[PDB]
Amino acid sequence: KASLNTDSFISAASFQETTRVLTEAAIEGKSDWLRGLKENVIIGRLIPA
Amino acid sequence: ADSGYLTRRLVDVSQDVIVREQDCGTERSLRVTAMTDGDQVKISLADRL
Amino acid sequence: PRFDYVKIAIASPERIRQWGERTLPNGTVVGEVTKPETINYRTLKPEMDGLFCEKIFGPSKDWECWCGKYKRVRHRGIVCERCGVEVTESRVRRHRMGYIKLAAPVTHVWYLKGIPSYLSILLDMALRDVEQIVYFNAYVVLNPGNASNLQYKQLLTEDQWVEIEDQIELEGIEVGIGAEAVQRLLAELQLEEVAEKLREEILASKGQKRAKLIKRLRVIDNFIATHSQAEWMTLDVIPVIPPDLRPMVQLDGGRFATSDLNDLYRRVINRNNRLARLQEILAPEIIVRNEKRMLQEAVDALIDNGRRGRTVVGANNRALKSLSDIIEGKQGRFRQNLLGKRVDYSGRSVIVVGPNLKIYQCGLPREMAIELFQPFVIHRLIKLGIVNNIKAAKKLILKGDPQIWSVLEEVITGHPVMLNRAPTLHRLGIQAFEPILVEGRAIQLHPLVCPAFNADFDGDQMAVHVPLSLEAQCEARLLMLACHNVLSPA
Amino acid sequence: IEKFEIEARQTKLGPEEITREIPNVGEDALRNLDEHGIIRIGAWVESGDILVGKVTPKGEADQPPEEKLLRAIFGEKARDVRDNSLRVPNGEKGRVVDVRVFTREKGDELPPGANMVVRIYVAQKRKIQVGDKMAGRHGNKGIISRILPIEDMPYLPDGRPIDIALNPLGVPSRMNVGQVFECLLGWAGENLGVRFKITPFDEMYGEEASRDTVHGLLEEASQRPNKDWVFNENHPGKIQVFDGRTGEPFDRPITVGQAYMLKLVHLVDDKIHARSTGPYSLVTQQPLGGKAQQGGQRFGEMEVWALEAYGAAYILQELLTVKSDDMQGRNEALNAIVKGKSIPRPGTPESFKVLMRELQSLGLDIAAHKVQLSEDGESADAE
Amino acid sequence: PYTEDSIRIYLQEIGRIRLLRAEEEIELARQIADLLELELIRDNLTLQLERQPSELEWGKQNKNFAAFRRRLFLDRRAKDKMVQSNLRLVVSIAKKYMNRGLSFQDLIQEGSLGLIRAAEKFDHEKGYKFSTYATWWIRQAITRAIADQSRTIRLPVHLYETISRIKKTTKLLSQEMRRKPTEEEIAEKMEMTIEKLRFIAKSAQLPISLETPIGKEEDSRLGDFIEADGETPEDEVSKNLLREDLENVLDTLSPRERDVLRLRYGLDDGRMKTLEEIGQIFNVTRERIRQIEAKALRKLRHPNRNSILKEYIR
DNA sequence: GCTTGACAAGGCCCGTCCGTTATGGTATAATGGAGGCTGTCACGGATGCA
DNA sequence: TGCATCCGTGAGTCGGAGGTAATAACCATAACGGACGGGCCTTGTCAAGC
RNA sequence: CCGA
Ligand SMILES: Nc1ccn([C@@H]2O[C@H](COP(=O)(O)OP(=O)(O)OP(=O)(O)O)[C@@H](O)[C@H]2O)c(=O)n1
Ligand SMILES: [Mg+2]
Ligand SMILES: [Mg+2]
Ligand SMILES: [Zn+2]
């Protein structure tokens, strides 16, 4: 539950329950400011660690 | 499969814990005693410090 | 390019049409897919209006029109006046997308049959009732005016509606069915009025009612902050994925290899065209009503197969892979292609014991090493003046020469090499080594790094990876070299 | 014995033909081929040798300016066919033993769309090798890691060297004690010449029946008039072993015997594999998988976690971009390594754009934005 | 009760309507003929009055327009009743065509379109019942929907009839000649070319999905073995080094012939030009241009100081 | 350093020509569908019912 | 309002090999379109001349 | 189906 209640919808969608996370993220209209290891791997950038 | 699923959940719950700053400036502390189950110890205090 | 954040929202019909529409210099938009044809059977060319169309998605070959007459490279940025295909490079079929204009409104299955089913939350109805209205099994009252037995958003059967037609009451009573009724119910919902009514209703209410009011209010407050309309959960325009992401290739033997997305789009287009044909010739309502329900079930199977009703299957009763099925699982896009990839400049072999060999050193086989370090050998063979290009270098590499082995010995000196054994349970499962060229076919491993890999010599194989950049070689040496990894991290 | 098969298919641009005249192939690469372009029985083939020469009529003829100028200078008439010959894979040397050819007008009938089918059988004798798997009948597997000369192997007090040294620590941890019973009984039968046969669960005939049988047969083998070094009553299963390099005996007596060892199908030639650059996948544009298609190793999620637990942000970035599904980065990295310059900075990987288009086709308005000097703008990742 | 079977829901919805009798069919056919001749005179009025016939009618030539609307409503209701009452015949016919490529509901809807055509083409002055002519048109629409849909790379109708004729001819010539089947006599009895017969047999194949598993497990997939058809990075770097060596070789000779050879083959413009348009880049005409490029090729074909480019010979 | 004239070669381009392809039709009477599950386990919401 | 029933969600990582699907009308008639053949022009070599 |  703490993995799915994070501020980033990309990490929560890549972890588990992609349909529900993407539905609540699309209705809430939220942004992903790319703060973490898992998002920069998907994007293709240098990880911030 | 149970072991690997637990490992993947533990990775996803804490993939954003990076050491960012040098000091936070807090006064709160954690009390450490020797772990004992009965009369004999399991981990001593010197190993826990 | 660089970007700072990624934002997700609900797509409006004008935005979906904005992704698909492209204008021509003659003054004509080309973005709509109207026929379910893919390619011609005689010549293997895409049809002029369909799921692979070159006017919508781009040319299949580099700098070549569909009908001919523009085969050269010199016509750049031009559109053929006879056919309509822009003379561009053929990699725009990865990016250019189209759309399908529906004849009836349809509901998105993510917003209806999910949990907590935001459509029934915003409509303040039960999920079974909205699911009965959408799939044409019950009516709903849109105008309850001049009646005591009828009220707003009340469901009726067909018998209850034909017995209401006894009274012809004596006023204008409207009903609705399908996603038109849901779109009309969502279009007349005043968001600020329902929000202030819910805020005036929470302070004086019961316990278990208050949680439902909080859930509806927090759903409604998202639609005012995002400035998105509630009727955008019903689709009028369907986006079409680019054709190179649903490829249709030919196997050696004449059979074509297709993807499962083409059958779903073909069903959507077929039922849409039949619905337009039935509405044109004024068919009876039991036939037009079954055609709208079938189009509704066709759009749902394209988005999420088997979410609501029967799973659409293929040839051997295998379920077709849908737009959420290609991303949602451990075989999807995230876990198979984004968080882990297959890489170049890599290999594997069985491992043997390496005594009379130091730590930080691995025994790398020679025929494995000419393949992994091939561009570094090719660079050295030209720098030494032996050959002059890549073709002579590749010819001398494959033909076998004693010069190549001295070149490879002086190339791999000081170039660290990462070794990996699966499963990688902790950090010490990937370590860097300085290779020495051994003769044979197995990789020689030092016996002290064997508990770090959990590796014995009874059948284990290890993968080998070569860093290319200079920052990647300085990181393998200063951070990952095996003579600095004595202590456990746990 | 390996088996290779090639089909002369029917293409729309023309029929594929099996011929001896192959473009860009030299003089002595055709000695083993017959008049039809097929190898003969009894020829030696190695990796890269032509088994069946085949051509197909390519017909696009879209040449770049470099090839056009190079064929303007040096003659160089470009032919209408291209090379499609059947070749030996990497390794797989051997002798050709069966070159049976099937043609539809000979009486055969083929898969549809194929003119003729050639089947080639290549046989090879494989000796024992470093990296091969070896096992006994008691679950004691192992990999050969060193092949020693017999003057370096340890030897017996009759001068006979040892064929194989097994580690004694693999016995009591794995708890397979019957291999020592088997080796001692086989060595008694070697010194007697009798070829014993013992059914399992032989402790029904008494207590310590296997031990008493083994040591009694070792005593009776040691009662031969010339072989009394075979059994020692002070230490039963062990005798004295000398070192082949120094001549000194080892300090403790060593269990010797005759074991029945096996050679398994897991040989190192079928396990070694390496890739520089090969084919790629259809949609994701990532390297393929498999030995048969020159595929790359999968750098899975646990390996990404292992690289993230280190520092190594640049190793992880080049593993995800310039080694997979970033085509401009692939070309730029190969050109920078060949010309000896610095590898440039990579771009957006190809599979992320595929995910963006898929999420847009699901009906989600997902986009990347960029902020710069009080301004928000939607970025174009397809470029 | 609640169910998710749309076929069961549709079968209940068509079971709610009763079946007709024969005098009902005669009266509905009379009203349908009245509707169709009214639509014929409406169509010729639209062809004459430029498609503004919504307020025009020849059935009268205030209460007369109400009677005309009532007549049109009863004739349209008669047509809809004759279509709706016979939907059980569509389900009884379309349950035979089940596994050819369409689902059951698509066959039902296309047979319903055929029933609409049969109801608008029926003649009650022949004595025959509606069910025979309806069965003909329903089977026509179902087979036409099979031949038009249910295949990704679709085949025309004459190809399907040629495949059926080839099946019948091969089975008859196999009944005649029991052993040694002969494609030469198959092409003889069909009077067609043998490579045309191979083309028909090649186009008659069915596609296979890229998501089919290869083994008896879920570890493999057909798309995992298909290589993308593109150009390798090795070919890209080889042609880029060839371009750089080519430009470095060409800039050693005279500056005029270098740009003549560059504009001739598109090494700077990306456009191969003719000999005259070089004469419009300059003003000296195209006869000197051919001699210039000839002597430039002769200078680049020298054996000395030109063998750096001779290694790219394949 | 170019220039004019002869000798052909080959893309555009507009006619027929025949093979392919789209479309319409057939009149005894026919009037509600085959076709598999039936041996996993555990947790969390969401109904639903007394 | 508490307890029973229901449904959706998850269930370790790499490598090799083999390998898929699998049955079902027919006929006239006009519209369509690729192929093939002359016309004119544009283009690419030989050849003599200042 | 097998190997780690
Ligand atoms: N389903 C499996 C089986 C094995 N392994 C890996 O393969 C190794 C198997 O070791 P192996 O040599 O097969 O057996 P040992 O544990 O060494 O025992 P023994 O010496 O008796 O064979 C394990 O450590 C484990 O990391 C795995 O990841 N998943
Ligand atoms: Mg092991
Ligand atoms: Mg082991
Ligand atoms: Zn064109």
# chains A, B, ... in the order shown; residues from 1 in each chain; ligands from 1
call {"tool": "residues_around", "arguments": {"residues": "residue 59 in chain D", "least_positions_apart": "2", "cutoff": "10 Å", "atoms": "only C-alpha atoms (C1' of nucleotides)", "output": "PyMOL selection string"}}
result
chain D and resi 13-14+56-57+61-62+79-82
call {"tool": "write_last_selection", "arguments": {"atoms": "N, CA, C and O atoms", "output": "PDB file, in the first residue's frame"}}
result
ATOM      1  N   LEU D  13       9.690 -11.702 -56.967  1.00  0.00           N
ATOM      2  CA  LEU D  13      10.632 -11.054 -57.872  1.00  0.00           C
ATOM      3  C   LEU D  13      11.344 -12.035 -58.796  1.00  0.00           C
ATOM      4  O   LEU D  13      12.050 -11.597 -59.710  1.00  0.00           O
ATOM      5  N   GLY D  14      11.181 -13.336 -58.581  1.00  0.00           N
ATOM      6  CA  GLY D  14      11.838 -14.337 -59.384  1.00  0.00           C
ATOM      7  C   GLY D  14      12.109 -15.587 -58.574  1.00  0.00           C
ATOM      8  O   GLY D  14      11.998 -15.588 -57.347  1.00  0.00           O
ATOM      9  N   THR D  56      19.246 -15.076 -54.834  1.00  0.00           N
ATOM     10  CA  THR D  56      17.876 -14.608 -54.988  1.00  0.00           C
ATOM     11  C   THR D  56      17.863 -13.272 -55.725  1.00  0.00           C
ATOM     12  O   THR D  56      18.758 -12.438 -55.522  1.00  0.00           O
ATOM     13  N   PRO D  57      16.891 -13.061 -56.624  1.00  0.00           N
ATOM     14  CA  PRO D  57      16.906 -11.852 -57.463  1.00  0.00           C
ATOM     15  C   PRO D  57      16.406 -10.599 -56.766  1.00  0.00           C
ATOM     16  O   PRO D  57      15.212 -10.294 -56.825  1.00  0.00           O
ATOM     17  N   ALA D  61      17.300  -1.693 -56.179  1.00  0.00           N
ATOM     18  CA  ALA D  61      18.351  -0.874 -56.801  1.00  0.00           C
ATOM     19  C   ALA D  61      18.193   0.609 -56.445  1.00  0.00           C
ATOM     20  O   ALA D  61      17.976   1.474 -57.297  1.00  0.00           O
ATOM     21  N   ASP D  62      18.302   0.874 -55.147  1.00  0.00           N
ATOM     22  CA  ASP D  62      18.315   2.230 -54.600  1.00  0.00           C
ATOM     23  C   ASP D  62      19.700   2.489 -54.000  1.00  0.00           C
ATOM     24  O   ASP D  62      19.969   2.189 -52.836  1.00  0.00           O
ATOM     25  N   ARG D  79      25.368  -6.590 -59.762  1.00  0.00           N
ATOM     26  CA  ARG D  79      24.600  -7.718 -60.267  1.00  0.00           C
ATOM     27  C   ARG D  79      23.172  -7.694 -59.728  1.00  0.00           C
ATOM     28  O   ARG D  79      22.851  -6.998 -58.762  1.00  0.00           O
ATOM     29  N   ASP D  80      22.310  -8.479 -60.372  1.00  0.00           N
ATOM     30  CA  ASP D  80      20.893  -8.525 -60.039  1.00  0.00           C
ATOM     31  C   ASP D  80      20.556  -9.530 -58.947  1.00  0.00           C
ATOM     32  O   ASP D  80      19.439  -9.494 -58.423  1.00  0.00           O
ATOM     33  N   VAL D  81      21.478 -10.420 -58.594  1.00  0.00           N
ATOM     34  CA  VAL D  81      21.260 -11.383 -57.527  1.00  0.00           C
ATOM     35  C   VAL D  81      22.133 -11.009 -56.334  1.00  0.00           C
ATOM     36  O   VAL D  81      23.065 -10.213 -56.439  1.00  0.00           O
ATOM     37  N   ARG D  82      21.812 -11.592 -55.181  1.00  0.00           N
ATOM     38  CA  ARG D  82      22.585 -11.398 -53.964  1.00  0.00           C
ATOM     39  C   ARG D  82      22.892 -12.754 -53.345  1.00  0.00           C
ATOM     40  O   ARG D  82      22.284 -13.768 -53.689  1.00  0.00           O
TER      41      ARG D  82
END
call {"tool": "residues_near_ligand", "arguments": {"ligand": "ligand 1", "cutoff": "8 Å", "atoms": "only C-alpha atoms (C1' of nucleotides) and all ligand atoms", "output": "PyMOL selection string"}}
result
(chain C and resi 422-423+454-460) or (chain D and resi 139-141+170+173-174) or (chain G and resi 12-13) or (chain H and resi 4)
call {"tool": "atom_distance", "arguments": {"atom1": "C1' of residue 30 in chain F", "atom2": "CA of residue 135 in chain E"}}
result
7.6 Å
call {"tool": "interface_residues", "arguments": {"of": "chain E", "to": "chain D", "cutoff": "8 Å", "atoms": "only C-alpha atoms", "output": "mmCIF file with N, CA and C atoms, in the first residue's frame"}}
result
data_model
loop_
_atom_site.group_PDB
_atom_site.id
_atom_site.type_symbol
_atom_site.label_atom_id
_atom_site.label_comp_id
_atom_site.auth_asym_id
_atom_site.auth_seq_id
_atom_site.Cartn_x
_atom_site.Cartn_y
_atom_site.Cartn_z
ATOM 1 N N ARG E 198 -0.381 -22.103 -58.409
ATOM 2 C CA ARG E 198 0.450 -21.919 -57.224
ATOM 3 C C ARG E 198 0.194 -20.572 -56.560
ATOM 4 N N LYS E 202 -1.153 -20.119 -52.821
ATOM 5 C CA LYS E 202 -0.384 -19.299 -51.895
ATOM 6 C C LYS E 202 -1.245 -18.214 -51.263
ATOM 7 N N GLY E 223 6.636 -13.536 -32.151
ATOM 8 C CA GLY E 223 7.289 -12.265 -32.409
ATOM 9 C C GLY E 223 8.684 -12.139 -31.833
ATOM 10 N N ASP E 224 9.093 -13.064 -30.962
ATOM 11 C CA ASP E 224 10.438 -13.062 -30.406
ATOM 12 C C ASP E 224 11.490 -13.540 -31.395
ATOM 13 N N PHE E 225 11.084 -14.125 -32.518
ATOM 14 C CA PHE E 225 12.010 -14.628 -33.516
ATOM 15 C C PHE E 225 12.026 -13.803 -34.793
ATOM 16 N N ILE E 226 11.216 -12.756 -34.889
ATOM 17 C CA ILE E 226 11.111 -11.982 -36.120
ATOM 18 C C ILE E 226 12.041 -10.780 -36.029
ATOM 19 N N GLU E 227 12.988 -10.709 -36.956
ATOM 20 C CA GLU E 227 13.954 -9.626 -37.032
ATOM 21 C C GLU E 227 13.346 -8.428 -37.749
ATOM 22 N N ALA E 228 13.596 -7.234 -37.215
ATOM 23 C CA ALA E 228 13.177 -6.013 -37.888
ATOM 24 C C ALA E 228 14.014 -5.788 -39.140
ATOM 25 N N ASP E 229 13.347 -5.439 -40.238
ATOM 26 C CA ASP E 229 14.008 -5.232 -41.525
ATOM 27 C C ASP E 229 14.505 -3.795 -41.588
ATOM 28 N N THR E 232 21.839 -2.189 -40.573
ATOM 29 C CA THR E 232 22.647 -2.402 -39.384
ATOM 30 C C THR E 232 23.496 -1.167 -39.073
ATOM 31 N N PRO E 233 23.914 -0.992 -37.813
ATOM 32 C CA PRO E 233 24.866 0.090 -37.505
ATOM 33 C C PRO E 233 26.226 -0.086 -38.160
ATOM 34 N N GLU E 234 26.616 -1.327 -38.467
ATOM 35 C CA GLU E 234 27.868 -1.579 -39.174
ATOM 36 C C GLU E 234 27.827 -1.027 -40.594
ATOM 37 N N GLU E 236 25.906 1.456 -41.558
ATOM 38 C CA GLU E 236 25.879 2.906 -41.383
ATOM 39 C C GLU E 236 27.279 3.471 -41.178
ATOM 40 N N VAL E 237 28.071 2.855 -40.295
ATOM 41 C CA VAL E 237 29.409 3.377 -40.035
ATOM 42 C C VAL E 237 30.333 3.124 -41.227
ATOM 43 N N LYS E 239 29.388 3.081 -44.485
ATOM 44 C CA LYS E 239 29.085 4.058 -45.522
ATOM 45 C C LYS E 239 29.435 5.480 -45.093
ATOM 46 N N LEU E 242 33.130 5.595 -45.684
ATOM 47 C CA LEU E 242 33.297 5.652 -47.133
ATOM 48 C C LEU E 242 33.020 7.052 -47.667
ATOM 49 N N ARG E 243 32.008 7.732 -47.120
ATOM 50 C CA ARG E 243 31.706 9.104 -47.522
ATOM 51 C C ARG E 243 32.836 10.059 -47.148
ATOM 52 N N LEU E 246 35.786 9.368 -49.339
ATOM 53 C CA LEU E 246 35.475 9.796 -50.697
ATOM 54 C C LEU E 246 35.626 11.303 -50.851
ATOM 55 N N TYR E 265 26.511 13.448 -58.723
ATOM 56 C CA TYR E 265 25.994 12.287 -58.013
ATOM 57 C C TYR E 265 25.290 12.642 -56.712
ATOM 58 N N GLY E 266 25.188 13.921 -56.371
ATOM 59 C CA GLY E 266 24.456 14.316 -55.185
ATOM 60 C C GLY E 266 25.214 14.147 -53.888
ATOM 61 N N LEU E 267 26.522 14.401 -53.895
ATOM 62 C CA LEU E 267 27.307 14.295 -52.673
ATOM 63 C C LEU E 267 27.192 15.530 -51.790
ATOM 64 N N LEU E 297 37.023 11.134 -63.856
ATOM 65 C CA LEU E 297 37.011 9.694 -63.613
ATOM 66 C C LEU E 297 38.297 9.031 -64.090
ATOM 67 N N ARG E 298 38.908 9.553 -65.158
ATOM 68 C CA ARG E 298 40.178 9.007 -65.620
ATOM 69 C C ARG E 298 41.318 9.362 -64.674
ATOM 70 N N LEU E 300 40.815 9.815 -61.370
ATOM 71 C CA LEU E 300 40.560 9.002 -60.186
ATOM 72 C C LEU E 300 40.769 7.518 -60.441
ATOM 73 N N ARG E 301 40.814 7.099 -61.703
ATOM 74 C CA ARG E 301 41.118 5.725 -62.069
ATOM 75 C C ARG E 301 42.613 5.483 -62.246
ATOM 76 N N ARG E 314 33.859 -4.857 -53.269
ATOM 77 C CA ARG E 314 33.243 -6.064 -52.735
ATOM 78 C C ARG E 314 33.154 -7.148 -53.808
#
call {"tool": "residues_around", "arguments": {"residues": "range 119-135 of chain C", "least_positions_apart": "3", "cutoff": "10 Å", "atoms": "only C-alpha atoms (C1' of nucleotides)", "output": "PyMOL selection string"}}
result
(chain C and resi 106-114+116+138-140+153-156+176-182+185-186+189+191+194+212-213+215-220+230-231+233-234+289-290+292-294+296-297+308) or (chain E and resi 2-4+6)
call {"tool": "residues_around", "arguments": {"residues": "residue 14 in chain B", "least_positions_apart": "3", "cutoff": "10 Å", "atoms": "only C-alpha atoms (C1' of nucleotides)", "output": "CSV table (one decimal) with N, CA, C and O atoms, in the first residue's frame"}}
result
chain,number,residue,atom,x,y,z
A,2,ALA,N,2.0,1.2,0.7
A,2,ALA,CA,2.9,2.4,0.7
A,2,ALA,C,3.6,2.5,-0.7
A,2,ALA,O,4.0,3.6,-1.0
A,3,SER,N,3.8,1.5,-1.4
A,3,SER,CA,4.4,1.6,-2.8
A,3,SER,C,3.4,2.2,-3.8
A,3,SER,O,3.8,2.9,-4.7
A,36,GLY,N,13.4,9.9,-8.5
A,36,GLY,CA,13.6,8.6,-8.0
A,36,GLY,C,14.3,7.8,-9.0
A,36,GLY,O,14.5,8.2,-10.2
A,37,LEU,N,14.7,6.6,-8.6
A,37,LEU,CA,15.6,5.7,-9.4
A,37,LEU,C,14.8,5.1,-10.5
A,37,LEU,O,15.3,4.9,-11.6
B,9,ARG,N,8.7,-6.4,-3.8
B,9,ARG,CA,7.9,-5.4,-3.0
B,9,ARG,C,8.8,-4.5,-2.2
B,9,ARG,O,8.6,-3.3,-2.0
B,10,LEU,N,9.8,-5.1,-1.5
B,10,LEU,CA,10.8,-4.3,-0.7
B,10,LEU,C,11.6,-3.3,-1.5
B,10,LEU,O,11.9,-2.3,-1.0
B,11,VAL,N,11.9,-3.7,-2.8
B,11,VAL,CA,12.7,-2.8,-3.6
B,11,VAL,C,11.8,-1.6,-4.0
B,11,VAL,O,12.2,-0.5,-4.0
B,17,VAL,N,14.8,6.2,-1.4
B,17,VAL,CA,15.6,6.6,-0.2
B,17,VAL,C,17.0,6.7,-0.6
B,17,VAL,O,17.8,5.7,-0.7
B,18,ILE,N,17.5,8.0,-0.8
B,18,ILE,CA,18.8,8.3,-1.1
B,18,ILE,C,19.3,9.2,0.0
B,18,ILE,O,18.6,10.0,0.6
call {"tool": "decode", "arguments": {"residues": "range 4-18 of chain A", "atoms": "N, CA, C and O atoms", "output": "compact mmCIF listing (two decimals), in the first residue's frame"}}
result
# COMPACT_ATOMS: atom_id res chain seq x y z
N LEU A 4 2.10 1.94 -3.58
CA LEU A 4 1.09 2.44 -4.50
C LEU A 4 0.60 3.84 -4.14
O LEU A 4 -0.05 4.48 -4.97
N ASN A 5 0.89 4.31 -2.93
CA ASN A 5 0.47 5.64 -2.48
C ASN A 5 1.60 6.65 -2.55
O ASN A 5 1.68 7.56 -1.71
N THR A 6 2.49 6.52 -3.53
CA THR A 6 3.59 7.45 -3.68
C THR A 6 3.16 8.63 -4.55
O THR A 6 2.05 8.66 -5.09
N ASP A 7 4.04 9.62 -4.68
CA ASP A 7 3.73 10.83 -5.43
C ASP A 7 3.93 10.66 -6.93
O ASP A 7 3.58 11.57 -7.69
N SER A 8 4.46 9.52 -7.37
CA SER A 8 4.80 9.28 -8.76
C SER A 8 3.93 8.19 -9.35
O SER A 8 3.91 7.06 -8.83
N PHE A 9 3.21 8.50 -10.43
CA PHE A 9 2.35 7.49 -11.04
C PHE A 9 3.11 6.55 -11.97
O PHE A 9 2.61 5.46 -12.25
N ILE A 10 4.31 6.93 -12.42
CA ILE A 10 5.09 6.05 -13.29
C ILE A 10 5.64 4.86 -12.51
O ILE A 10 5.56 3.72 -12.97
N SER A 11 6.17 5.11 -11.31
CA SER A 11 6.68 4.03 -10.46
C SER A 11 5.55 3.13 -9.98
O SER A 11 5.70 1.90 -9.95
N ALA A 12 4.42 3.71 -9.60
CA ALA A 12 3.29 2.92 -9.13
C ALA A 12 2.63 2.14 -10.26
O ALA A 12 2.08 1.07 -10.02
N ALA A 13 2.69 2.66 -11.49
CA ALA A 13 2.14 1.93 -12.62
C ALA A 13 3.08 0.81 -13.06
O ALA A 13 2.61 -0.26 -13.46
N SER A 14 4.39 1.04 -13.00
CA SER A 14 5.35 0.00 -13.34
C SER A 14 5.47 -1.06 -12.26
O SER A 14 5.96 -2.16 -12.55
N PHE A 15 5.04 -0.78 -11.03
CA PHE A 15 5.09 -1.79 -9.98
C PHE A 15 3.93 -2.77 -10.10
O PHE A 15 4.14 -3.97 -10.35
N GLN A 16 2.70 -2.29 -9.96
CA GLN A 16 1.57 -3.18 -9.75
C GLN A 16 0.28 -2.42 -10.02
O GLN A 16 0.19 -1.22 -9.74
N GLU A 17 -0.71 -3.15 -10.55
CA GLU A 17 -2.07 -2.66 -10.79
C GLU A 17 -2.09 -1.43 -11.69
O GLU A 17 -2.47 -0.33 -11.28
N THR A 18 -1.65 -1.64 -12.93
CA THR A 18 -1.38 -0.54 -13.85
C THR A 18 -2.66 0.19 -14.26
O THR A 18 -2.66 1.42 -14.37
